[PDB]
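Shown next, in structure tokens, is the structure this report addresses.
Laboratory data are not the source of any read-out in this text; all were calculated from the coordinates shown. No Cβ is skipped: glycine too gets one built from the backbone with ideal geometry, and neighbour counts run over all protein chains shown.
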Amino acid sequence: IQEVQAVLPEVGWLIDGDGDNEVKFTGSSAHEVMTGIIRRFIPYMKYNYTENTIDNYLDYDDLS
Amino acid sequence: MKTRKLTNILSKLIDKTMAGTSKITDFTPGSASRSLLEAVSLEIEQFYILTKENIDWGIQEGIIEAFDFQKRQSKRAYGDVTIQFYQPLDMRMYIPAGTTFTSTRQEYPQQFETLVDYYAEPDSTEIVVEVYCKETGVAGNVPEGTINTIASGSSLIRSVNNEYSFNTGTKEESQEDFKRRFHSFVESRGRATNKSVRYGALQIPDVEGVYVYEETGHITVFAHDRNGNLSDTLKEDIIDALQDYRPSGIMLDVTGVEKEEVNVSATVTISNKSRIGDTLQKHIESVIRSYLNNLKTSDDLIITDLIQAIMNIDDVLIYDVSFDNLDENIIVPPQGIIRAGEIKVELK
Amino acid sequence: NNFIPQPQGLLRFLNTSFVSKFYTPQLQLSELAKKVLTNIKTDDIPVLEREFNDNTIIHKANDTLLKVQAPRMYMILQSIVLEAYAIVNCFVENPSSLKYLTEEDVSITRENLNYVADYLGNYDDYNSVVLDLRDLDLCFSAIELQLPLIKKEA
Amino acid sequence: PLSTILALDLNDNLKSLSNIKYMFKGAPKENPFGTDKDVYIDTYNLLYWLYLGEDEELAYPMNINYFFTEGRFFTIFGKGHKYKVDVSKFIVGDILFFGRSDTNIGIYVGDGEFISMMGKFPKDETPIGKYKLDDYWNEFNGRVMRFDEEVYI
């Protein structure tokens, strides 16, 4: 997204990379980073299942 | 139902088998019948042992189910951190909850996150905020000065450090701890009692140390976490949750804590004249620090208890221990708590 | 010792009348235990700075009062652990330690293991310890049968 | 400590040292303490004379280049940062710098104060005195140093 400012009146965010859509993932291993990557977007990817979403079907656990 | 060793069961079975005939009395180790009987007796002994263990577990489960006093699960580690700015702040910035904190040290890769938002006042230079460890257990008890970076942009932050260690991180409660808690709960059914107020204040899982001081017309409660620093939110939660055990006709207050300081000097005569270097002295000092910091307000420093704690090392190594300064037991005031200050340890 | 450290508690533990009709114990130390024990006594061994796995048999022995109630039986437990610890080490690393153990030395461990098991069975306190050692009783016998055969293979 | 004792002695005798006057680069050859006559001395020479009374000698005129390479000091806080909460952590005897180009220095004393000479540039007649740190906190510059004699030579 090119043209979004997301400012506040006399208020700011101490951590940089805020207001814009920037998201930073941090971790000391792939299983720590991958868990954050998958967990960020998986629950909001909604569908019309009568029963749940991809998280219930896909375990994505036991990573190392 | 009683425990019986393998040999007695085997002897009884062999004696029973010998009745009615005399073509069997040969039980050398090479005999296969002896091997089969040994296996059967071993299985029976294991069945008895497992039955006793399962009976104990069932008693524990029934105690859990009857009074709904479930065991405490793994407790999150948390503390405080200091945020340092390059220059004094000009505008009121915002710090949303969930901001991550990570230690650059490879030995402690565990992460931390916030739960409650914080606002930095204008013309400020530093601010203290609480951080809660995602992982629960022994990994949360990092040493001092372990958290170095915020793991984000950190445009207005130079460095982050913690002045105090993390001690709230603990594993699951043992059977003895649950038994003591249940005994306190059973003795706490009668409200308007000091032993009842003990359980009433201890019902919150975060609280570890707690003490109650009484006078003619006022009740005061002293409590703290393992780190030894009371919080306003903890006081509010205690007030909210303790309404079912407070005395009706007497006022109650929950405040007061002070870190009492004492310097411990001890002389240790190792049995082995060799290997008297400073590494073992550092290890002993760390053990003493861990022991003293584990004490609570209710507990008081005792010479014999300290001797038992330090002498947990095998007696063959350490042959004698004595204190140059400590000669009499020290009584902690009810509000204060005894803990390690600056410890000096030397051979002689 | 050469490859990886060991727990502090095990290192501290290792460095240091009743009779059974079926079993006759003896205090014959194995040749491998004679040399390995000296290394444990000396400081030339890596060691960790923390301990875990409280469910091990070593912590069970420390918790109970076997040291003061029956130090003679406590001593035999150390001897069993010493031989048991050494035979674990050689297979994983340091194959040069082979051809220093014989079936007789391993066989006598079972005699001592069963001898102390009977005494521990007289009380219900040592049920956990008895449950562990009986599992190892069948473990050593398999090694005894294969130890002459493994030695020739290697 | 030597520095703390010297600072306490200077604070005790501060009122009696009115004979010492302020100048930009006063480097007199006469010791101010060994003479009743008034003499113009700046902060660097004042520190040199204070430390010369004891066995320590240091060097003359003890300009800004002294701190760079002589090894007599180890920095406590670097330049470029300015925190008002950490000021309490300081101890008496620490040298406090002033100015954007190390124009002047000072000696820290308790109760949030410092000892230095302040006045107009062209050889002010004002004597040595003590001033609150609140007004001069702006020009503190963050640089702090400390002494050490046991390990040197």
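For region A:2-12, does any single residue satisfy the condition of being surrounded by 14 or more Cβ atoms within 10 Å (Cβ to Cβ) and under 19 Å from the mean Cα position of the chain (by Cα)? Lay out the reasoning, then the answer.
Let us first name the residues in region A:2-12 that are surrounded by 14 or more Cβ atoms within 10 Å (Cβ to Cβ), namely A:12.
Remaining after also requiring under 19 Å from the mean Cα position of the chain (by Cα): none.
No, there is no match, as no residue in region A:2-12 is surrounded by 14 or more Cβ atoms within 10 Å (Cβ to Cβ) and under 19 Å from the mean Cα position of the chain (by Cα).
Suppose the filter is surrounded by fewer than 10 Cβ atoms within 10 Å (Cβ to Cβ), on the phi > 0 side of the Ramachandran plot and among the charged types (D, E, K, R); does B:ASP15 pass it?
Working: surrounded by fewer than 10 Cβ atoms within 10 Å (Cβ to Cβ): yes; on the phi > 0 side of the Ramachandran plot: no; among the charged types (D, E, K, R): yes.
No.
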With criteria (1) surrounded by 13 or more Cβ atoms within 10 Å (Cβ to Cβ); (2) of a type in the set (D, E, K, R); (3) not in a strand (DSSP E or B), B:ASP244 comes up short on (1)
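Is it the case that some residue within region D:95-113 is more than 19 Å from D:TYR131 (Cα to Cα), aliphatic (A, V, I, L, M) and either within 14 Å of the chain's Cα centre (by Cα) or surrounded by fewer than 17 Cβ atoms within 10 Å (Cβ to Cβ) (or both)? Quick ask: steps written out before the conclusion?
Going through region D:95-113, the residues more than 19 Å from D:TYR131 (Cα to Cα) turn out to be D:100-101.
Filter once more, keeping what is aliphatic (A, V, I, L, M): none.
Checking region D:95-113: not a single residue is more than 19 Å from D:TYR131 (Cα to Cα), aliphatic (A, V, I, L, M) and either within 14 Å of the chain's Cα centre (by Cα) or surrounded by fewer than 17 Cβ atoms within 10 Å (Cβ to Cβ) (or both).
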Inset, instruction - Determine whether B:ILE338 is surrounded by 15 or more Cβ atoms within 10 Å (Cβ to Cβ) and in a loop (DSSP other than H, G, I, E, B). - result: no
By residue number, the members of region A:1-19 that are more than 11 Å from every other protein chain (Cβ to nearest Cβ) and charged (D, E, K, R) are A:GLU3
Pairing a residue in region B:72-88 that is facing chain D (nearest Cβ under 9 Å) and assigned to a loop (DSSP other than H, G, I, E, B) with any residue that is surrounded by fewer than 15 Cβ atoms within 10 Å (Cβ to Cβ) and among the charged types (D, E, K, R), where Cβ atoms lie under 8 Å and the two sit 6 or more apart in sequence or on different chains, gives B:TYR86/B:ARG158; B:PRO88/B:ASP123
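Take the residues in region B:318-332 that are part of a loop (DSSP other than H, G, I, E, B) and surrounded by 15 or more Cβ atoms within 10 Å (Cβ to Cβ), then tell me which one is nearest to the other protein chains (Cβ to nearest Cβ). Don't jump to the end; show me each part of the working.
Looking only at region B:318-332, we keep the residues that are part of a loop (DSSP other than H, G, I, E, B), and these are B:324-332.
Restricting the remaining residues to those that are surrounded by 15 or more Cβ atoms within 10 Å (Cβ to Cβ) gives B:326, B:332.
Numbers: B:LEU326: 26, B:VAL332: 29 Å.
Per the stated criteria, the residue is B:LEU326.
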Taking region C:13-52 and keeping residues assigned to a loop (DSSP other than H, G, I, E, B), within 12 Å of chain B (Cβ to nearest Cβ) and within 20 Å of the chain's Cα centre (by Cα) leaves C:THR16, C:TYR23, C:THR42, C:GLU51, C:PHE52
Just one listed residue, out of C:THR109, C:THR42, is farther than 30 Å from B:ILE9 by Cβ and of a type in the set (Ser, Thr, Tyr), and it is C:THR42
Per the filter on region D:110-138, residues in a loop (DSSP other than H, G, I, E, B) and touching a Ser or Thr at 6+ places or on another chain (Cβ under 9 Å) are D:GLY112, D:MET117, D:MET118, D:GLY119, D:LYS120, D:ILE128
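Could you pull out the residue among D:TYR48, D:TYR22, D:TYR44 that is touching an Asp or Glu at 6+ places or on another chain (Cβ under 6 Å) and surrounded by 14 or more Cβ atoms within 10 Å (Cβ to Cβ)?
On the way: D:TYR48 fails: touching an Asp or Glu at 6+ places or on another chain (Cβ under 6 Å); D:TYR44 fails: touching an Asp or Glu at 6+ places or on another chain (Cβ under 6 Å).
Unique residue meeting the criteria: D:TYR22.
Determine if region B:173-189 includes at least one residue that is farther than 29 Å from B:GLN110 by Cβ, of a type in the set (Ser, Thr, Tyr) and surrounded by fewer than 17 Cβ atoms within 10 Å (Cβ to Cβ).
Quick first cut of region B:173-189, residues farther than 29 Å from B:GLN110 by Cβ only: B:179-180, B:182-189.
From the residues that got through so far, the ones that are of a type in the set (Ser, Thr, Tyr) too are B:184, B:188.
Cutting the leftovers down to surrounded by fewer than 17 Cβ atoms within 10 Å (Cβ to Cβ) gives us B:184.
Yes, some residue in region B:173-189 is farther than 29 Å from B:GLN110 by Cβ, of a type in the set (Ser, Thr, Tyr) and surrounded by fewer than 17 Cβ atoms within 10 Å (Cβ to Cβ).
Does any residue of region B:52-59 turn out to be within 26 Å of B:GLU172 (Cβ to Cβ), of a type in the set (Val, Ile, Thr) and surrounded by fewer than 18 Cβ atoms within 10 Å (Cβ to Cβ)? Talk me through it step by step, then tell me what you get.
To start, the set of residues in region B:52-59 that are within 26 Å of B:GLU172 (Cβ to Cβ) comprises B:52-59.
Applying the additional criterion that residues be of a type in the set (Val, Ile, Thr) yields B:55, B:59.
Next cut, surrounded by fewer than 18 Cβ atoms within 10 Å (Cβ to Cβ) only: B:55, B:59.
Looking for residues that are within 26 Å of B:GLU172 (Cβ to Cβ), of a type in the set (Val, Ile, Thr) and surrounded by fewer than 18 Cβ atoms within 10 Å (Cβ to Cβ), one finds at least one in region B:52-59, hence yes.
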* To do: Looking only at region C:88-99, decide whether some residue is closer than 27 Å to B:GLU43 by Cβ and aromatic (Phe, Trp, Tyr).
  => no
Scanning region C:106-140 for residues that are at the interface with chain B (Cβ under 9 Å from one of its Cβ atoms) and among the hydrophobic types (A, V, I, L, M, F, W, C), the one surrounded by the fewest Cβ atoms within 10 Å (Cβ to Cβ) turns out to be C:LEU138
Only one of (1) loosely packed, with under 15 Cβ neighbours inside 10 Å; (2) under 24 Å from D:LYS21 (Cβ atoms); (3) out of contact with any strand residue (DSSP E or B) (no Cβ under 6 Å at 6 or more places or on another chain) does not apply to D:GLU139, and that is (3)
**Asked** For B:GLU53, are the conditions met, namely being more than 14 Å from chain C (Cβ to nearest Cβ), out of contact with any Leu (no Cβ under 8 Å at 6 or more places or on another chain) and either at positive phi or part of a helix (DSSP H, G or I) (or both)?
**Response** no
Note on region A:25-42: residues within 10 Å of chain B (Cβ to nearest Cβ) and charged (D, E, K, R) are A:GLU32
* Quick one: is B:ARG198 over 17 Å from the mean Cα position of the chain (by Cα), over 30 Å from C:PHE52 (Cβ atoms), buried (at least 18 other Cβ atoms within 10 Å of the Cβ) and away from chain A (no Cβ under 14 Å)? -> yes
Flagged pairs (Cβ under 9 angstrom, 6 or more apart or on separate chains; first in region C:73-90, within 16 Å of C:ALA142 (Cα to Cα); second buried (at least 17 other Cβ atoms within 10 Å of the Cβ) and charged (D, E, K, R)) are C:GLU83/C:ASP105
Among residues of region B:280-303 being closer than 30 Å to B:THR220 by Cα and in a helix (DSSP H, G or I), the residue farthest from the chain's Cα centre (by Cα) is B:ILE303
